[PDB]
Amino acid sequence: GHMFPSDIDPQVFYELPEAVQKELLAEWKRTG
Amino acid sequence: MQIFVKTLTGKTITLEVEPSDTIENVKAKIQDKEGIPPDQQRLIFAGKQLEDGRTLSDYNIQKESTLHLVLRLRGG
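Residues numbered from 1 in each chain as written, not as in the entry; some residues may be left out. Chains lettered and ligands numbered in written order. Heavy atoms only, no water.

For this deposition, the record names solution NMR as the technique by which the model was determined.

Here it is as structure tokens:
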């Protein structure tokens, strides 16, 4: 899982720091 | 000055600010450009995360410099 809304795409999300990605994917999944 | 906020979808939204402009007011310009409220939006620079009470200069960002925009769901 590397996106949730259309505002997210794997390329920038990989340029992203892992710990912020960790927040994002976990919260995205939680509110999901 | 201007800075290039890359959004997480692979977009780059340029916005016009000052080095002394706060991250909060930068995120508020993202709300103008993207529609996302600041409390729900996060800001990264160079593999590091910023806070609303800090400024571009606090992170040593200058003009024609790139930023990263994420969605962080909520805050309060």
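That shown, we press on.
Focus on the packing of aromatic side chains
Residues and elements named next belong to chain A. A complete count under the given rule lists 1 aromatic pair over all chains for this structure. Taken together, a centroid distance of 5.2 Å and an interplanar angle of 35° make the contact between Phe13 and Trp28 tilted. One end of the pair, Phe13, is in helix α1 (residues 10–15); the other, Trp28, is in helix α2 (residues 18–31), with 15 residues separating them in the sequence. For the pair shown, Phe13 and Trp28 are each scored as buried. (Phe/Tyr/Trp six-rings, centres within 6.5 Å; stacked < 30°, edge-to-face > 60°. Helix = DSSP H or I, 4+ residues; strand = E, 2+ residues; numbered from the N terminus. Buried < 20%, exposed > 50% of the residue type's maximum accessible area, 1.4 Å probe, protein only.)

Considerations on the nonpolar core
By size, the foremost hydrophobic cluster in this structure holds 28 residues, and its most contacted members are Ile3(B), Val5(B), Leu15(B), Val26(B) and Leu67(B). Every element with two or more residues in this core is listed here: α1 and α2 of chain A together with β1 (2–7), β2 (11–16), α1 (23–33), β3 (41–45) and β5 (65–71) of chain B. The element best represented in this core is β5(B), accounting for 4 residues. (Core = buried A, V, L, I, M, F, W, Y, C linked by side-chain atoms within 4.5 Å.)

Description of the UniProt feature "domain: Ubiquitin-like" in chain B
Residues annotated by UniProt as "domain: Ubiquitin-like" correspond here to residues 1–76 of chain B. This span, residues 1–76 of chain B, is 14% helix and 34% strand, and a straight line between its end C-alpha atoms measures 31 Å. (UniProt positions renumbered as here; feature names shortened; annotations may be inferred.)

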